[PDB]
$ cat structure-v7.pdb   # PDB, N, CA and C atoms
ATOM      1  N   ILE A   1     -64.635 139.105  83.097  1.00  0.00           N
ATOM      2  CA  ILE A   1     -63.973 138.631  81.869  1.00  0.00           C
ATOM      3  C   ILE A   1     -63.848 137.113  82.009  1.00  0.00           C
ATOM      4  N   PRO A   2     -64.157 136.299  80.984  1.00  0.00           N
ATOM      5  CA  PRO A   2     -64.021 134.851  81.102  1.00  0.00           C
ATOM      6  C   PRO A   2     -62.532 134.481  81.200  1.00  0.00           C
ATOM      7  N   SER A   3     -62.242 133.228  81.542  1.00  0.00           N
ATOM      8  CA  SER A   3     -60.893 132.707  81.686  1.00  0.00           C
ATOM      9  C   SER A   3     -60.836 131.362  80.972  1.00  0.00           C
ATOM     10  N   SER A   4     -59.978 131.230  79.961  1.00  0.00           N
ATOM     11  CA  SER A   4     -59.829 129.997  79.196  1.00  0.00           C
ATOM     12  C   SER A   4     -59.529 128.823  80.144  1.00  0.00           C
ATOM     13  N   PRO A   5     -60.080 127.618  79.904  1.00  0.00           N
ATOM     14  CA  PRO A   5     -59.845 126.466  80.771  1.00  0.00           C
ATOM     15  C   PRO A   5     -58.367 126.072  80.836  1.00  0.00           C
ATOM     16  N   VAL A   6     -57.568 126.409  79.820  1.00  0.00           N
ATOM     17  CA  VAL A   6     -56.142 126.103  79.782  1.00  0.00           C
ATOM     18  C   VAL A   6     -55.432 126.823  80.943  1.00  0.00           C
ATOM     19  N   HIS A   7     -55.873 128.036  81.310  1.00  0.00           N
ATOM     20  CA  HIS A   7     -55.276 128.790  82.406  1.00  0.00           C
ATOM     21  C   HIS A   7     -55.508 128.011  83.700  1.00  0.00           C
ATOM     22  N   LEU A   8     -56.760 127.602  83.942  1.00  0.00           N
ATOM     23  CA  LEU A   8     -57.139 126.836  85.123  1.00  0.00           C
ATOM     24  C   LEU A   8     -56.350 125.526  85.135  1.00  0.00           C
ATOM     25  N   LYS A   9     -56.171 124.885  83.973  1.00  0.00           N
ATOM     26  CA  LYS A   9     -55.426 123.639  83.848  1.00  0.00           C
ATOM     27  C   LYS A   9     -54.003 123.869  84.342  1.00  0.00           C
ATOM     28  N   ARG A  10     -53.301 124.904  83.866  1.00  0.00           N
ATOM     29  CA  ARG A  10     -51.941 125.197  84.300  1.00  0.00           C
ATOM     30  C   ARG A  10     -51.900 125.547  85.789  1.00  0.00           C
ATOM     31  N   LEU A  11     -52.921 126.216  86.330  1.00  0.00           N
ATOM     32  CA  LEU A  11     -52.978 126.616  87.734  1.00  0.00           C
ATOM     33  C   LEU A  11     -53.147 125.382  88.611  1.00  0.00           C
ATOM     34  N   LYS A  12     -53.821 124.358  88.096  1.00  0.00           N
ATOM     35  CA  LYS A  12     -54.021 123.116  88.826  1.00  0.00           C
ATOM     36  C   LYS A  12     -52.812 122.202  88.640  1.00  0.00           C
ATOM     37  N   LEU A  13     -52.184 122.204  87.464  1.00  0.00           N
ATOM     38  CA  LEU A  13     -51.004 121.399  87.171  1.00  0.00           C
ATOM     39  C   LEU A  13     -49.874 121.870  88.076  1.00  0.00           C
ATOM     40  N   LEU A  14     -49.666 123.189  88.174  1.00  0.00           N
ATOM     41  CA  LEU A  14     -48.629 123.776  89.013  1.00  0.00           C
ATOM     42  C   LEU A  14     -48.829 123.346  90.464  1.00  0.00           C
ATOM     43  N   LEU A  15     -50.073 123.385  90.956  1.00  0.00           N
ATOM     44  CA  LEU A  15     -50.382 122.990  92.324  1.00  0.00           C
ATOM     45  C   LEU A  15     -50.074 121.505  92.526  1.00  0.00           C
ATOM     46  N   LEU A  16     -50.465 120.651  91.574  1.00  0.00           N
ATOM     47  CA  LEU A  16     -50.212 119.216  91.656  1.00  0.00           C
ATOM     48  C   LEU A  16     -48.707 118.953  91.671  1.00  0.00           C
ATOM     49  N   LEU A  17     -47.934 119.658  90.840  1.00  0.00           N
ATOM     50  CA  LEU A  17     -46.489 119.511  90.774  1.00  0.00           C
ATOM     51  C   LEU A  17     -45.871 119.907  92.112  1.00  0.00           C
ATOM     52  N   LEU A  18     -46.317 121.022  92.701  1.00  0.00           N
ATOM     53  CA  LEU A  18     -45.838 121.500  93.986  1.00  0.00           C
ATOM     54  C   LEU A  18     -46.076 120.401  95.019  1.00  0.00           C
ATOM     55  N   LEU A  19     -47.300 119.865  95.067  1.00  0.00           N
ATOM     56  CA  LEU A  19     -47.678 118.799  95.986  1.00  0.00           C
ATOM     57  C   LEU A  19     -46.832 117.543  95.750  1.00  0.00           C
ATOM     58  N   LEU A  20     -46.523 117.202  94.494  1.00  0.00           N
ATOM     59  CA  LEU A  20     -45.713 116.035  94.163  1.00  0.00           C
ATOM     60  C   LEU A  20     -44.314 116.226  94.742  1.00  0.00           C
ATOM     61  N   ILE A  21     -43.690 117.385  94.514  1.00  0.00           N
ATOM     62  CA  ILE A  21     -42.355 117.690  95.024  1.00  0.00           C
ATOM     63  C   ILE A  21     -42.392 117.652  96.560  1.00  0.00           C
ATOM     64  N   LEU A  22     -43.450 118.187  97.180  1.00  0.00           N
ATOM     65  CA  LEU A  22     -43.615 118.197  98.631  1.00  0.00           C
ATOM     66  C   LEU A  22     -43.615 116.754  99.127  1.00  0.00           C
ATOM     67  N   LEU A  23     -44.442 115.898  98.522  1.00  0.00           N
ATOM     68  CA  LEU A  23     -44.564 114.485  98.854  1.00  0.00           C
ATOM     69  C   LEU A  23     -43.220 113.776  98.678  1.00  0.00           C
ATOM     70  N   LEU A  24     -42.469 114.113  97.627  1.00  0.00           N
ATOM     71  CA  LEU A  24     -41.158 113.542  97.332  1.00  0.00           C
ATOM     72  C   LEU A  24     -40.230 113.827  98.513  1.00  0.00           C
ATOM     73  N   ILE A  25     -40.147 115.094  98.921  1.00  0.00           N
ATOM     74  CA  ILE A  25     -39.308 115.517 100.037  1.00  0.00           C
ATOM     75  C   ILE A  25     -39.813 114.890 101.334  1.00  0.00           C
ATOM     76  N   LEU A  26     -41.127 114.725 101.501  1.00  0.00           N
ATOM     77  CA  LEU A  26     -41.691 114.092 102.689  1.00  0.00           C
ATOM     78  C   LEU A  26     -41.244 112.617 102.742  1.00  0.00           C
ATOM     79  N   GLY A  27     -40.711 112.079 101.637  1.00  0.00           N
ATOM     80  CA  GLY A  27     -40.217 110.717 101.531  1.00  0.00           C
ATOM     81  C   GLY A  27     -38.781 110.715 102.039  1.00  0.00           C
ATOM     82  N   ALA A  28     -37.976 111.679 101.577  1.00  0.00           N
ATOM     83  CA  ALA A  28     -36.583 111.846 101.982  1.00  0.00           C
ATOM     84  C   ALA A  28     -36.525 112.094 103.498  1.00  0.00           C
ATOM     85  N   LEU A  29     -37.531 112.795 104.037  1.00  0.00           N
ATOM     86  CA  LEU A  29     -37.663 113.111 105.458  1.00  0.00           C
ATOM     87  C   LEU A  29     -37.660 111.824 106.303  1.00  0.00           C
ATOM     88  N   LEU A  30     -38.129 110.694 105.753  1.00  0.00           N
ATOM     89  CA  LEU A  30     -38.159 109.410 106.458  1.00  0.00           C
ATOM     90  C   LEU A  30     -36.743 108.859 106.655  1.00  0.00           C
ATOM     91  N   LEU A  31     -35.794 109.262 105.805  1.00  0.00           N
ATOM     92  CA  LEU A  31     -34.391 108.860 105.858  1.00  0.00           C
ATOM     93  C   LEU A  31     -33.620 109.844 106.739  1.00  0.00           C
ATOM     94  N   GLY A  32     -34.080 111.098 106.792  1.00  0.00           N
ATOM     95  CA  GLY A  32     -33.499 112.187 107.562  1.00  0.00           C
ATOM     96  C   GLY A  32     -32.786 113.222 106.691  1.00  0.00           C
ATOM     97  N   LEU A  33     -32.694 113.007 105.375  1.00  0.00           N
ATOM     98  CA  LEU A  33     -32.060 113.886 104.404  1.00  0.00           C
ATOM     99  C   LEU A  33     -32.738 113.609 103.076  1.00  0.00           C
TER     100      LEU A  33
END
$ encode --input "structure-v7.pdb" --output "structure tokens"
Amino acid sequence: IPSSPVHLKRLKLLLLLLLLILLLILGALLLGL
């Protein structure tokens, strides 16, 4: 069954957002909290 590109877009957006939040916390980690 085909998959609309919008689904893939949201699946990639969610991953990018997760990575952004991860990177954000990896910044706080430099302060210790």
$ atom_distance --input "structure-v7.pdb" --atom1 "CA of residue 25 (chain A)" --atom2 "CA of residue 7 (chain A)"
27.2 Å
$ atom_distance --input "structure-v7.pdb" --atom1 "atom N of residue 29 (chain A)" --atom2 "CA of residue 11 (chain A)"
26.4 Å
$ atom_distance --input "structure-v7.pdb" --atom1 "atom N of residue 20 (chain A)" --atom2 "atom C of residue 8 (chain A)"
15.9 Å
$ select_by_dssp --input "structure-v7.pdb" --residues "chain A" --states "alpha helix (DSSP H)" --output "ChimeraX atom specification"
/A:5-28
$ decode --input "structure-v7.pdb" --residues "region 10-27 of chain A" --atoms "N, CA, C and O atoms" --output "short mmCIF file (atom, residue, chain, number, x, y, z; two decimals), in the first residue's frame"
data_model
loop_
_atom_site.label_atom_id
_atom_site.label_comp_id
_atom_site.auth_asym_id
_atom_site.auth_seq_id
_atom_site.Cartn_x
_atom_site.Cartn_y
_atom_site.Cartn_z
N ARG A 10 5.94 13.89 8.84
CA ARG A 10 5.69 13.90 10.27
C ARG A 10 6.63 12.94 11.00
O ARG A 10 7.04 13.24 12.12
N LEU A 11 6.99 11.80 10.40
CA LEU A 11 7.86 10.80 11.01
C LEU A 11 9.28 11.35 11.10
O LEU A 11 10.06 10.97 11.97
N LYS A 12 9.66 12.21 10.16
CA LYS A 12 10.98 12.82 10.16
C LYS A 12 10.98 14.06 11.05
O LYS A 12 11.97 14.28 11.73
N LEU A 13 9.88 14.81 11.10
CA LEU A 13 9.74 16.00 11.93
C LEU A 13 9.83 15.57 13.39
O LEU A 13 10.57 16.17 14.15
N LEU A 14 9.10 14.51 13.77
CA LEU A 14 9.10 13.98 15.13
C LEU A 14 10.52 13.59 15.54
O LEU A 14 10.94 13.91 16.64
N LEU A 15 11.26 12.92 14.64
CA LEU A 15 12.63 12.51 14.92
C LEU A 15 13.52 13.74 15.12
O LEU A 15 14.33 13.76 16.04
N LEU A 16 13.38 14.75 14.26
CA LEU A 16 14.17 15.98 14.35
C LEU A 16 13.87 16.68 15.67
O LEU A 16 14.79 17.16 16.32
N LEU A 17 12.60 16.75 16.08
CA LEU A 17 12.18 17.38 17.32
C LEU A 17 12.80 16.64 18.50
O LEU A 17 13.32 17.28 19.41
N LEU A 18 12.77 15.30 18.49
CA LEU A 18 13.35 14.47 19.53
C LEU A 18 14.83 14.82 19.65
O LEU A 18 15.31 15.10 20.74
N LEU A 19 15.54 14.83 18.52
CA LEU A 19 16.96 15.15 18.46
C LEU A 19 17.22 16.57 18.97
O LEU A 19 18.22 16.79 19.66
N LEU A 20 16.35 17.54 18.66
CA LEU A 20 16.50 18.92 19.10
C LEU A 20 16.41 18.96 20.63
O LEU A 20 17.27 19.56 21.26
N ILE A 21 15.40 18.32 21.21
CA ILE A 21 15.21 18.27 22.66
C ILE A 21 16.42 17.58 23.30
O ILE A 21 16.91 18.04 24.33
N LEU A 22 16.93 16.50 22.69
CA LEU A 22 18.09 15.77 23.17
C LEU A 22 19.28 16.72 23.23
O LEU A 22 19.93 16.83 24.26
N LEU A 23 19.55 17.43 22.13
CA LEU A 23 20.63 18.40 22.00
C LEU A 23 20.48 19.51 23.05
O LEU A 23 21.47 19.93 23.63
N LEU A 24 19.25 19.97 23.29
CA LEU A 24 18.94 21.01 24.27
C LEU A 24 19.40 20.54 25.65
O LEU A 24 20.16 21.23 26.33
N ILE A 25 18.98 19.33 26.04
CA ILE A 25 19.35 18.75 27.33
C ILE A 25 20.86 18.49 27.37
O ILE A 25 21.47 18.69 28.42
N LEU A 26 21.48 18.11 26.26
CA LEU A 26 22.92 17.90 26.20
C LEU A 26 23.65 19.23 26.45
O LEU A 26 24.85 19.23 26.69
N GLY A 27 22.94 20.36 26.39
CA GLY A 27 23.46 21.69 26.63
C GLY A 27 23.42 21.94 28.13
O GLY A 27 24.40 22.38 28.71
#
